[PDB]
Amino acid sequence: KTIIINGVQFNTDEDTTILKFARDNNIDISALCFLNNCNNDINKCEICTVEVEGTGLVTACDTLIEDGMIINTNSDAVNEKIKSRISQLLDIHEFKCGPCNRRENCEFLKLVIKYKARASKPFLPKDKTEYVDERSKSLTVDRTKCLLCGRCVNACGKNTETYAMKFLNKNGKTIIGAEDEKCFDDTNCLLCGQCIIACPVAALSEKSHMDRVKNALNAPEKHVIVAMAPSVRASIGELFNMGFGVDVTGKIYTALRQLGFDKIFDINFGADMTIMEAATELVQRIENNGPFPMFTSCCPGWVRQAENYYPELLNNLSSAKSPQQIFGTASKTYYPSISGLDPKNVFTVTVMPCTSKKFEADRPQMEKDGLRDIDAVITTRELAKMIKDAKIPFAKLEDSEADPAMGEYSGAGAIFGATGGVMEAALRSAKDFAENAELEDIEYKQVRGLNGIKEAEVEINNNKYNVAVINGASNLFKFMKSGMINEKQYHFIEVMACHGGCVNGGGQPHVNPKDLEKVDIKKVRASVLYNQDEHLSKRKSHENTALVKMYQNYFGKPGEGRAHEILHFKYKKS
């Protein structure tokens, strides 16, 4: 093929789109609705417009290159077309970036500035009530910002295959939303928030818990515990221009103390708790062989998927609570026993890469004696805004350390945030439990990586067993519908709703579509977690000394008695 772009001749054999070929050759072409190898098929944004000699204006994102093409990307005809489309977008857009939560990383704003477009008439609603949906515990919609780009719809379809996010004909006007414009919570939605990640503007956002946290911090009698997820320490640095794959664990601990938190713990401690219970349960299910297979239950996105599509698998779920909820339960019981705090004055706050964790925290039965396991959940993004509002120089902060009582963790807990992390951590303890030994080779590299479905054979005391790792909600559908589950007898199965694991959660920092082409965000975020595992002295959950102390002095032996009564949760089918 011979291609002419802006006067420059190219010789190539590649078969691809005009957009992709120009990006690879350092030729600038703007785009808006093109994402995840998809554009808005029904109403294309046409921001990727180029001029092909002899044909006219075309969309570069979905037009293949042909030999003999002469292409102009910057002609006056092209720029006025693009500028016209942006101006029409401005006509339906509340353009007040001041108090906007995407102000410093909005894609639409960069386009408005680049082409210097203005609205035919500013869109200024008097009552945003009709435009805003805040009914969900996890997700919120602001349709005064929505560009109808369809990127959230496509992301939902690709990541989950549920299509819980749809286009809707509302009063004869097109919107996006849940089925029959119901609250997302009341549909087959998983609340994974992958739609939010895909959104170029502030139309989709997480349900804010920042007022819960601030009211608690200022309440004199409240003792506010904070604990962050594995993934947060490996990603929040992005929002402070520190780059990708930067471990900022110690900086976060310092920042949380300066925010006014009374106690600094860590969810990885809770991760070690979940392994103690789940590995014991797996070893138990082997003594009786069954019921097989055992599924993990630490991902609420997956739990909802099971409830909504495969309720017969609910009885196969591990009864152990998620690290978030199991940590919260201990924070209202064990922690007062070693602090003398009144349990009702304890207020437990987690930092999560996940929107679905808000729903899990607000489950009705996720409490005991009137005390919630978790009282508030804030996302990575929420923590970042909170730090900036306090004007805390995050990048310059010195490393501090979490409080030891529920802040220590092993390398097994550390890797929870990556896909296959839970599988590997559980095998390290369950294999030591059943064989009654302390094995030294603890790395399970087969269950790692970004493959959608991963499988391995393991030998646990005398015998062979089959494990599988499901990476992404759409892959769960494939595993089940294709009958892969019935090809052999599986004994232990890990399921994560977000592809890549929690490091790619719905509450994570946004990334510019082109930076995504430079950086593999899923592996770069996960590398930090495996790094910590490598350089940690303790790499098994049952070697966690602060955790062993807790079980010996308070809970007893994991998997039965006291431990089973309050550190476990069961899901019932209607």
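Numbering starts at 1 and runs along the sequence shown.
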Tell me which stretch, 64-72 or 38-46, has the higher mean Cα B-factor listed in the entry. 64-72
Got a sec? Mean C-alpha B-factor, which is higher, 285-293 or 330-338? 285-293
C-alpha B-factor winner, where the candidates are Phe433, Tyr309, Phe479, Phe265: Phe433
Specify which of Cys192, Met366, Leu89, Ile442 carries the largest Cα B factor in the deposited PDB entry. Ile442
Just say lowest, middle or highest third for the CA B-factor of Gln489 relative to the other modelled residues in its chain. highest
Name the third of the chain's ranked CA B-factors that contains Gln532, choosing lowest, middle or highest. middle
Split the chain's modelled residues into thirds by Cα B-factor; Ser356 lands in the lowest
Tertile call for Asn215 (CA temperature factor, within chain, third-based) is the middle
Within this chain's modelled residues, let me know which third the CA B factor of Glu401 belongs to: lowest, middle or highest. middle
